[PDB]
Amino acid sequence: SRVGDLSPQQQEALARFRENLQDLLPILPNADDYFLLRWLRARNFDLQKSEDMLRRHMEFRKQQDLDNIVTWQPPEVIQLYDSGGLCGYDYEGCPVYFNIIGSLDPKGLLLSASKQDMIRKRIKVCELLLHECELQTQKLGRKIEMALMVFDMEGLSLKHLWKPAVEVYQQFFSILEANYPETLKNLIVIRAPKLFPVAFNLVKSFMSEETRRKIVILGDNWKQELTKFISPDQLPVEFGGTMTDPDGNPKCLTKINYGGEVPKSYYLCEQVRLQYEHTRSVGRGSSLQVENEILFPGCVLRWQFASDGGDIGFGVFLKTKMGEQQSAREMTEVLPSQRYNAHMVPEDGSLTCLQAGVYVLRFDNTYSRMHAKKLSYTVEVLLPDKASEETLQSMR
């Protein structure tokens, strides 16, 4: 349903849509048929829903001053450590953006800056890419409508699954679908480690099916495979091409930021506000066990908790028999129990399950003979996305 071959149904729909948007035409990012058709396709030519979607976007542009975001300067920590960059063009002339996820330190960034600034940095990238598409259109004399995004997963870690960081990427993917529909040609994933299917499963429901269908996972031969999309002379040497910085650096640091660990000197806090699924009392001299059956290795357990009334002990155990509850003496110790000041600073963490069995998170108040505790917690079993898992298996 694109420019050129619209049906009459579609051509009449487009004309009506254009008529219904007369008030907005002078302030649209572009008032051409290409622009309008993105909103129509996103809502199957339902004139009302398409209009609602576009008008919501236009309110978002006003609220966020998006026409001027290309000159917005983020906080120093985001300028220096929030990764990614625009570099090169694909064979059609679409701009390429490198998203260096694996080297990102989103925890350090969120402890040093706001979710709002991290999201605004990512919106800025969208606007920069759109401006680059327009410049390319003018230079090439034909419409360039989309960008190509490469996602470098080298370094992806349990550390990246910190719940507040994940909420950044989830919110961003929701914003992308609502405000930048059909702006990515492909989403090319390189250097995916074993953790990728679990990580991907956390964000997949926030992207549209059309976006998901454009994901391409590359294997060991990714450098050669990338050159099917992008010319070597448009690719950094780091990613298999011939482009360098003026000083010969193969990473093209003058265009692409590679993130890295945020120095502690930038931190403005060391934990953020959390929300919890459950609240329970743990009696004086007592304990609480939260059990989860893991059916295969590679599942990830992730938790967060706070206490009131004093500290709490916490460890992770693995049952040696299924059936009745076992004591800490009888179970295998997976993560040694320790006391945490979870009444002062909430705790969180994760681990990879190396075996199938019943994993038990044990909250220990047995040492506190006079004082009970109130405990709030969330404990989640994170499963792999099955398609991603199969694909990674299939690439050896």
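Counting begins at 1, following the sequence as shown.
Enquirer: Looking at the entry, does 355-363 or 52-60 show the higher mean C-alpha B-factor?
Expert: Result of the comparison: 52-60.
Enquirer: Identify the stretch, either 24-32 or 65-73, whose C-alpha atoms have the larger mean B-factor according to the entry.
Expert: It is 65-73 that shows the higher mean C-alpha B-factor.
Enquirer: Could you check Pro95, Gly283, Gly102, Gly84 and tell me which one carries the biggest Cα B-factor in the deposited entry?
Expert: The listed residue with the largest C-alpha B-factor is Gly283.
Enquirer: For the listed residues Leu40, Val345, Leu335, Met331, which one has the largest C-alpha B-factor as given in the deposited model?
Expert: Answer, based on the entry's C-alpha B-factors: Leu40.
Enquirer: Please rank the C-alpha B-factors of the chain's modelled residues and tell me whether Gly323 sits in the lowest, middle or highest third.
Expert: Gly323: CA B-factor falls in the highest third of its chain.
Enquirer: Grab the CA temperature factor for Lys121 from the record and place it in the lowest, middle or highest third of its chain.
Expert: According to the entry, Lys121 has a C-alpha B-factor in the chain's lowest third.
Enquirer: Divide the modelled residues of the chain into thirds by Cα B-factor and specify which third, lowest, middle or highest, holds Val203.
Expert: CA B-factor rank for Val203: middle third.
Enquirer: Split the chain's modelled residues into thirds by Cα B-factor; is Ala372 in the lowest, middle or highest one?
Expert: Tercile = highest for this residue's CA B-factor.
Enquirer: Divide the modelled residues of the chain into thirds by Cα B-factor and specify which third, lowest, middle or highest, holds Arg213.
Expert: Ranked within chain, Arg213 CA B lands in the highest tercile.
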